[PDB]
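A short worksheet on the structure shown next.
Residue numbering restarts at 1 for every chain, and letters A, B, ... go by the order of the sequence lines. These numbers come from the heavy atoms of this one structure, side chains and all, not from hydrogens, waters or symmetry mates.
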Amino acid sequence: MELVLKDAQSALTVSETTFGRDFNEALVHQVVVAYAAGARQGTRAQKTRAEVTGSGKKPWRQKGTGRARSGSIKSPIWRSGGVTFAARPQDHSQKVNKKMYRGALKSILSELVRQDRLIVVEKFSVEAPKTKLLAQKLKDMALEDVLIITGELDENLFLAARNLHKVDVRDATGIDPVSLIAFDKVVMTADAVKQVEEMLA
Amino acid sequence: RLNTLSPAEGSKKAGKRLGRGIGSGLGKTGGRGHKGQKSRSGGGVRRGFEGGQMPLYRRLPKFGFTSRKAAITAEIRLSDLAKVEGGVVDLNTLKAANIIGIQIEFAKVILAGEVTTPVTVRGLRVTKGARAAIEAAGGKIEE
Amino acid sequence: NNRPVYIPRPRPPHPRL
Amino acid sequence: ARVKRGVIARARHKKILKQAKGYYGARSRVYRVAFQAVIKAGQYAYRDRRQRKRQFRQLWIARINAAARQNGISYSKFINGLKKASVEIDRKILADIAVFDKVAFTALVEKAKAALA
Amino acid sequence: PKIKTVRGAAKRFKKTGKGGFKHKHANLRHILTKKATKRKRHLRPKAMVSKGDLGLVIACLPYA
RNA sequence: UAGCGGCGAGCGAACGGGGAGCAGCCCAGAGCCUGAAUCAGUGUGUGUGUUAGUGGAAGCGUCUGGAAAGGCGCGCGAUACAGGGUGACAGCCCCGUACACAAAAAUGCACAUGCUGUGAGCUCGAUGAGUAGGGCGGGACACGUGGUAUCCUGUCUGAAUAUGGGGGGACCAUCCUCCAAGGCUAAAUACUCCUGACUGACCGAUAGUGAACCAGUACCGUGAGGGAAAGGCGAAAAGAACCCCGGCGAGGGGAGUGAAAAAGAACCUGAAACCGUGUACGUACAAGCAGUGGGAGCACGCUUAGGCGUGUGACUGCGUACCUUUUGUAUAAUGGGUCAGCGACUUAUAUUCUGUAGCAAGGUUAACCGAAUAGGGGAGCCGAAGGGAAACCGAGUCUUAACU
């Protein structure tokens with residue numbers, strides 16, 4: 001399909017399958033959920049009745065005592081020692097098929113174009129590594145929360161946006177569904193656009 | 001929009017939680033009934049147990065034997081016969097197509113249909129209809 | 001609060017056989 | 001993700017104790033006893049929602065029977081006369097009329113007597 | 001860990017095309033003189049596992 | 001999976017393939033040539049790192065307030081809005097942070113240059129004997145003595161030596177492959193008593209280590225050993241001068257400090273059981289799961305002047321707690337003195353079914369590589385073809401000499 005520009009007014013040709021396909025609600029949600037789960041690290045643990053410091057001696061005899069039968073000071077129904085099902089460090093990452101990941105990414109890109117949240121422009125660069133310059137460049141464009149995607153990563157643009165929370169700078173290869181969804185506006189360079197079709201295929 | 005995505009209806013069920021109140025349905029033993037071996041924690045009978053009666057897999061006699069030659073043989077379809085490499089098919093170069101496996105050293109061709117390109121097979125065996133199918137296509141058989 | 005460290009040992013006065 | 005149940009548990013206990021207000025002794029102070037008292041009050045309320053209808057029906061019949069006999073006719077005869085005369089006044093109105101309007105009841109018994117005869 | 005097949009079961013049942021199981025009849029080992037030829041002949045061919053005990057067979061050999 | 005197995009419960013390979021990492025040598029000996037490479041130990045020099053550190057940008061006015069970092073208005077820094085503190089929430093008040101620098105002295109690592117010690121290269125020869133193997137008894141290999149190969153060993157025996165010997169799963173012949181009875185060798189691998197930084201859909205004082213409070217302490221035991229409870233004033237002690245009751249008390253009432261003293265150290269919030277004082281109503285002729293339905297009177301308030309609400313409740317109909325276990329419980333069957341807190345279907349890997357999503361006669365990767373939730377990687381697994389014990393055949397196959 002045809003992607004219009006706002007600065008050079010130059011036509012761009014892009015496959016409609018990767019930019020004009022329908023929006024799959026179910027597929028995108030699964031990929032987004034999978035991405036969040038993969039961000040976890042699951043560094044937690046408790047002590048079961050075997051790992052609690054203590055001794056296995058019976059608190060009192062089985063019979064004769066007037067109170068409930070007890071077996072150990074570390075039973076889960078006892079104060080200061082227990083946890084019936086203690087947690088262990090676990091991996092929460094889940095598998096997502098390559099095609100499913102690509103399909104969700106294609107679905108997300110198409111809808112950004114439909115909601116005009118995606119803006120394609122020519123090369124986006126800053127002459128000097130100054131956050132002030134980048135802020136001015138984004139101010140006249142009426143953009144405050146933007147994700148800058150460029151074909152080639154340059155330290156000059158990387159340093160300029162480092163201290164800008166609402167602004168992110170990324171490469172085409174390092175593109176994730178969550179970032180595209182989260183950011184209000186996405187700006188893609190002409191080079192950045194081309195690499196997307198090649199990797200998306 | 002990150003707070004607007006939802007899953008498809010019926011994708012989630014929320015699972016079953018046992019022993020959480022009366023109105024929840026399966027509380028008070030959570031659907032495992034009253035006393036008994038099956039109601040105990042960790043209880044149950046191993047696979048094939050019949051309560052003491054001779055199990056079915058013990059009442060019946062063992063039969064047959066395992067043939068080692070069967071693990072080194074495979075069957076070749078007509079559909080995948082023509083997508084190996086050009087128009088020549090042999091015991092070798094099928095592993096390159098990855099349709100038999102490295103360890104396989106015997107192969108047969110059976111009638112699976114959908115064969116168009118004429119192909120030549122050497123060192124393989126075409127049962128009855130594979131010979132007819134390729135000959136119509138324009139192939140040949142030689143050992 | 002504290003389990004009695006000593007439990008008295010009783011006797012069977014009544015055999016009840 | 002440890003979950004503490006102090007806030008929720010205290011809310012549930014307060015709700016039950018509020019419903020148990022006015023009961024005697026531990027039935028209004030102790031939750032274990034208050035819960036049983038509240039549940040039993042629920043059973044009685046459901047049961048008495050049906051006994052009330054029959055209890056008032058008995059009261060109306062007794063009032064009509066006293067008023068009808070004072071006029072010189074039995075309750076069973078009086079009701080039969082009304083059915084024969086095609087009068088659809090129910091017991092609640094009949095008892096109400098007897099207590100307040102004696103003349104209206106006298107007309108009714110007179111009408112019932114005529115229908116029977 | 002992965003499930004362990006019941007080796008004894010795997011030596012007595014063979015899976016078929018439609019998910020059934022074939023087994024050898026269980027009365028043709030010894031004490032054969034007193035048996036009629038008709039009964040021995042009918043026990044020679046393999047037979048299908050009954051429905052009632054099919055569920056038991058599935059558990060024993062979940063892989064085969 | 002093949003196998004092992006009272007062929008029960010169970011145990012469970014190898015060949016082969018894909019990856020991480022790769023490095024080969026020496027003695028059993030003489031000669032020629034003899035620092036000839038590579039190594040280990042002691043000096044010098046370069047680089048880097050550790051052990052102290054230094055600089056480090058940019059805000060003010062009004063409103064609320066005990067106090068603003070908050071609201072409102074207008075500014076500036078950012079290769080620094082990572083964090084912590086500051087009288088409520090700070091990019092611009094402070095410590096820090098990105099960034100750029102720093103070592104007299106001691107040190108690990110990678111190089112170049114000296115010394116010490118064994119030691120290059122070529123020819124010829126040699127090439128591990130009470131050993132291999134065997135009998136008996138055991139053990140280890142998935143392999144429980146079974147038809148049982150292979151390895152190790154207590155006991156008794158015992159070769160050939162390269163025209164020789166070992167193995168190829170009883171064993172024999174033919175072939176293929178290797179050379180035991182002498183040794184050395186970093187890499188990928190396992191763990192954290194300890195040190196630094198960083199992270200967490202981990203805990204937040206009955207939790208988290210037994211121990212957030214000088215806790216393995218108090219305390220218990222002859223001893224090995226067992227083993228607690230206990231966190232919170234306020235921004236700042238500004239921790240209550242002084243007066244009065246009292247026993248030069250305790251405790252209290254004033255005064256003062258503070259935004260707040262029902263924040264006064266018995267100190268944030270301050271629930272429930274439990275114990276009290278006051279007010280309204282009821283109760284000393286009335287029998288029982290103590291409620292429920294009806295209901296007079298009384299005391300408070302509301303509009304209207306009749307009721308509506310709140311509390312109490314004479315009198316009256318009906319009514320023998322809950323849980324558990326049972327054919328069946330008010331049962332005199334079990335359990336609970338009450339309150340608060342904690343306390344029981346979880347987790348990992350496989351397999352089957354259902355729903356849902358992707359792709360579709362195809363589907364999908366694992367380890368691993370990867371400036372890395374991407375992309376590579378198709379080793380492999382499942383499916384499209386079954387029948388037979390198997391050879392084998394194949395939309396057929398098996399059964400049988402062969403099928404109506």
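Side-chain nitrogen and oxygen atoms of A:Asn163 include at least one within less than 4.0 Å of the OP1 or OP2 phosphate oxygen of F:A82. An OP1 or OP2 oxygen of F:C318 is reached within less than 4.0 angstrom by no side-chain nitrogen or oxygen of D:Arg52. OP1 or OP2 of F:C202 lies within a sub-4.0 Å distance of a side-chain N or O belonging to A:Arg40. Phosphate proximity of F:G227 to A:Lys74: absent, as no side-chain N or O sits under 4.0 Å from OP1 or OP2. Dashed line: the shortest gap from a side-chain N or O of A:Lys98 to OP1 or OP2 of F:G358 is not under 4.0 Å. A close approach under 4.0 Å does not occur between any side-chain nitrogen or oxygen of A:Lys47 and OP1 or OP2 of F:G208.
Among the heavy atoms of the strands lying under 4.0 Å from E:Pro1 is at least one base atom, whether or not backbone atoms are also near. Within the nucleic acid shown, B:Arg77 comes within 4.0 Å of at least one base atom, counting heavy atoms only. Note on D:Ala37: nothing from the nucleic acid sits closer than 4.0 angstrom, heavy atoms only. When heavy atoms are screened at a 4.0 angstrom cut-off, A:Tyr35 is found touching base atoms of the nucleic acid. Nucleic acid contact for B:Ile102: sugar-phosphate only, since backbone atoms but no base atoms lie under 4.0 Å from a heavy atom of the residue. Counting non-hydrogen atoms under 4.0 angstrom, B:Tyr57 reaches the backbone sugars and phosphates but no base. Nucleic acid contact for E:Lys22: sugar-phosphate only, since backbone atoms but no base atoms lie under 4.0 Å from a heavy atom of the residue. When heavy atoms are screened at a 4.0 angstrom cut-off, A:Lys95 is found touching the sugar-phosphate backbone but no base atom. Within the 4.0 angstrom heavy-atom criterion, no nucleotide atom of any strand lies near A:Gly82.
Between F:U54 and F:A100 there is a base pair of the Watson-Crick or G-U wobble kind, both donor-acceptor distances falling below 3.5 Å. Pairing between F:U310 and F:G43: absent (Watson-Crick or G-U wobble, both distances under 3.5 Å).
Residues B:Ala8 and E:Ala10 both approach RNA chain F. Their nearest nucleotides, taken by heavy-atom distance, put E:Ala10 toward the 5′ side. Comparing A:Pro177 and B:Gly101 by the nucleotide of RNA chain F whose heavy atom lies nearest to each, the residue mapping closer to the 5' end is A:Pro177.
The base of F:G317 sits within donor-acceptor range of the side chain of D:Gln55, with an N or O pair under 3.5 Å. Scanning atom types as modelled, no donor and acceptor separated by under 3.5 angstrom connect the side chain of B:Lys108 and the base of F:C393. The base of F:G204 does not come close enough to the side chain of D:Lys4 for any donor and acceptor atom to sit less than 3.5 Å apart. In terms of polar N and O atoms assigned as donor or acceptor, the side chain of D:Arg5 never comes within less than 3.5 Å of the base of F:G341 in a complementary pairing. You'll find a donor-acceptor pair under 3.5 Å spanning the side chain of D:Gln36 and the base of F:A321, going by distance alone.
In this step of the strand, F:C27 stacks on F:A28, since the centres of their six-membered base rings are under 5.5 Å apart and the ring planes meet at under 30°.
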Margin query: Go through it in stages, so that I can follow the logic: the residues are A:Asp91 and A:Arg40, the test is side-chain contact (heavy atoms from CB on, under 4.5 Å), and I'd like the CA-CA distance, side-chain angles, deciding distance and then a yes or no.
Written below: CA-CA 8 Å; A:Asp91 206 343; A:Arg40 302 175 75 168; over 6 Å; no
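Between the side chains of B:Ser24 and B:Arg17, no donor N or O sits under 3.5 Å from an acceptor N or O.
If you take NE2 of D:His13 and P of F:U338, they are 13 Å apart, rounded to a whole angstrom.
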